[PDB]
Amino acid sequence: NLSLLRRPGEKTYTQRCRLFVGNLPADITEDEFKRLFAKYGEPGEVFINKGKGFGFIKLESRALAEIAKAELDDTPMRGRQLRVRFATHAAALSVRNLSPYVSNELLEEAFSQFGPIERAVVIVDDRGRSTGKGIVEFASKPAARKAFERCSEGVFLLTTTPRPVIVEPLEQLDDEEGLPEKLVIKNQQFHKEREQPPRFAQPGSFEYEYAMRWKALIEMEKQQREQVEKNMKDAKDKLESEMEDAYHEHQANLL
């Protein structure tokens, strides 16, 4: 049954299997909360805050969590509509400034000293090349905190070149659920913005002139942003050239 829903290789009960549940009834008990999810296999770690009406539950696999979220979100429980969402990932880190010779496996080996790793991936572009950025997800939050603190306050190197890894807690974007219409607040500004439907503006119209100015601002930002990035690249290249010179004399025992 439910073990067919695991992805190839997938480990069980990971941080990505954790659901948030809100708007629970006042008399909710832990066993009643578990029973809500009994259909979706054996429960993992469970927490409830009865007074504030919310809890967390880890399910076996990502697919089971998605099924549970889809079937239970916005359904009634004793007079209130439950709110079932994927929980935030507070044991995940973004890592940047990776040498292109850092792999998934090396990234995992390096950060495994701080604690058990659930996920360690080097992000690659649509040409298969390292972007210099990656993600490390720890099984526990203290381990992710230790890794962020040690790498921020000191110099953590993954390769011979002294290229320090830059670590920040992951600020994950959501491109699967997105912004559903029923989750958009239908305030006064909402109804104002929806008065006119999607449309093309004609040259010379009211809208067209302002919109072309808006395009121009965005193009100016793109140009200025690339200037910043190119200056960074040139500064990196100058530093790398200087380090290489010194490294060759260092290896000759002259430094």
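Quick note: we count residues from 1 along the sequence shown, nothing fancier.
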Checklist outcome for this item: Per the PDB entry, mean CA B-factor is higher for 4-12 or 246-254, namely for 4-12
Item to check | Entry-level comparison of average CA B-factors, 122-130 and 178-186, reporting the higher stretch | outcome: 178-186
Checklist entry - Which has the highest CA B-factor per the PDB entry: 221, 229, 207, 195? => result 195
Checklist outcome for this item: Of the residues 91, 151, 158, 84, the one whose Cα carries the largest B-factor in the deposited record is 91
Item to check | For residue 50, the third of its chain into which the C-alpha B factor falls | outcome: highest
Checklist outcome for this item: Sorting the chain's modelled residues by C-alpha B-factor and splitting them into thirds places residue 100 in the middle
Checklist entry - Split the chain's modelled residues into thirds by Cα B-factor; is residue 191 in the lowest, middle or highest one? => result highest
Checklist entry - Looking at the C-alpha B-factor of residue 59, is it in the lowest, middle or highest third of its chain? => result lowest
Checklist entry - Where does residue 144 sit by CA temperature factor within its chain: lowest, middle or highest third? => result highest
